[PDB]
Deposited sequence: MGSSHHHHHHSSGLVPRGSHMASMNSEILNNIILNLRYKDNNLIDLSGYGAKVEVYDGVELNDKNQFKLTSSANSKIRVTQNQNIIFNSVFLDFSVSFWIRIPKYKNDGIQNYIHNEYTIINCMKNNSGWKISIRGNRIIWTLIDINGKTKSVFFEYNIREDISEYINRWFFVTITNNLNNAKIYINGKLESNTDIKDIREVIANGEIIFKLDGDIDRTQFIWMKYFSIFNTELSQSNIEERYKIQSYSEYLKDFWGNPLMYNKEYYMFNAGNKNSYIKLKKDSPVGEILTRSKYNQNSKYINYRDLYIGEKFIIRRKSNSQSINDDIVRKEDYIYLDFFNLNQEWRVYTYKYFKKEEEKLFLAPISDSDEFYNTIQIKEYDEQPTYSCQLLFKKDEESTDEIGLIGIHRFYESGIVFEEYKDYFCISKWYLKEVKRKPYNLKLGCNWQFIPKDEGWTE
């Protein structure tokens, strides 16, 4: 559907599946996986060369074409902040006779550049904050779309318009060059980039059509982690509350309950960056109740304490609208429920999930949703179950502020702190 290049994984390779049959040469330094993600590193053979079908390039003067892809750009090093902010490097290039387009990164900025044969140049970029307690962009998969017509170059992020440059002063742009995927410029040996679903269209895509591609390419039967990667069974995870972004869970001292604490922040002295620590709190693990965690699966939410796997329970007969959850050894007990069904109540794209307690894998009764609540101690916030959430999650549009919304944070080389 107006698609002229469609890079996709196949047989430990990336191949153009557009139907136009371009040649794609992936060199040995490119890391691949069957989830369609590919990784560009600093090494020289870490590259992809694409040789276009010379019959279906973009129009050099009307400039009617679009580029879409997902990207995951690692966090800055706390001690490489000035190189991060200042070094620009190219990630993807399509140039012939010093004309064409390129995609560049400069720290927290992603840049689109057009160059006409006359040598005239125009750019448009997207930039994200590097001071946020919790950023939705740093080290997390997000969707980029660049569109061009004769007058404007635009960047959409996650289906929404972010930037807009007039490109009227741009004349003829040569269209038929090889597309080169490669980090190019002054970069660190540890600098890398993840990408997926790279596509080129011979049309200016509309926001409506882009917002749809974002939804379609966001959809999966499985859940995702904080970074946007698949959520897995048998993997250690930190827990994030999308309703309480700055809070984390700690097992209360010598007590089988989860207290909620405030995340520690970047405390060094640089005035360019700020963040909250992500690698803190209890370390959890998802177990099946009988690979990838799928919506509606039945699970156990466990965690590690005293070199042992403990479990998260709810008291069967709690009276109030909410109650503290019981965090305790794995045990048979008729006073507690252990069965959780994992949910995604949001209809829009998200990395949040919800955790519903039930009697078993057959029952239709719903006990409550795992969340956060302030308890009478002076008050104190605890890790809780709640039936209050059960009606709130019915509300449209989905309420993002509900503390029943969780994300799972595994360690990742793109996030150091």
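Gaps between the deposited sequence and the modelled structure occur at positions 1-29, 320-326, 414-419.
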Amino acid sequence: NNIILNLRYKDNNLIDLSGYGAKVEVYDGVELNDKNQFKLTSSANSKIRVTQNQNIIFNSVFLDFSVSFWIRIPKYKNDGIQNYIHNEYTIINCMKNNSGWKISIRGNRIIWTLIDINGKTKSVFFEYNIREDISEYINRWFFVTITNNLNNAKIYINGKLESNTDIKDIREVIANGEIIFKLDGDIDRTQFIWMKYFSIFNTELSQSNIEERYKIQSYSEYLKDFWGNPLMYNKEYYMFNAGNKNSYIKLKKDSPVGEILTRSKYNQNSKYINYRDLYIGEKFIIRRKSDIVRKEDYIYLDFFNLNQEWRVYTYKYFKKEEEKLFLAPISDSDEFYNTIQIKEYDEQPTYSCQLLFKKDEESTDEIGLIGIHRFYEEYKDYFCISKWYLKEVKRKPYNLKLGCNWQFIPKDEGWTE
From here on, numbers count along this sequence of modelled residues.
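If you superpose the two forms and keep the largest set of C-alpha atoms that fall within 1.5 Å, you have the rigid core.
Averaged as a root mean square over residues and superposed structures in 8 other deposited structures of this protein, CA distances to the shown form are larger in 305-313; the pair compared was 160-168 and 305-313 with a core fit. Relative to the displayed structure, the C-alphas of 14-22 lie farther away on average in 8 other deposited structures of this protein than those of the other candidate, with 14-22 and 405-413 compared after rigid core superposition. Of the two segments examined, 67-75 and 291-299, it is 291-299 that shows the higher average Cα temperature factor in the deposited entry. For the segment pair 34-42 and 368-376, the entry gives 368-376 the higher mean B-factor, averaged over Cα atoms. The PDB entry assigns the greatest CA B-factor among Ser104, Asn148, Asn87, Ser99 to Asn87. For the set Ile117, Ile179, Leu114, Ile286, the PDB entry assigns the largest Cα B-factor to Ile117. In the deposited entry, the Cα temperature factor of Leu205 sits in the bottom third of values across the chain's modelled residues.
In the deposited entry, the Cα temperature factor of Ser333 sits in the top third of values across the chain's modelled residues. When all modelled residues of the chain are sorted by CA temperature factor, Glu309 is found within the lowest third. In the PDB entry, a CA B factor belonging to the middle third of its chain's modelled residues is recorded for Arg49. Ranked by C-alpha B-factor against the other modelled residues of its chain, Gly80 falls in the highest third.
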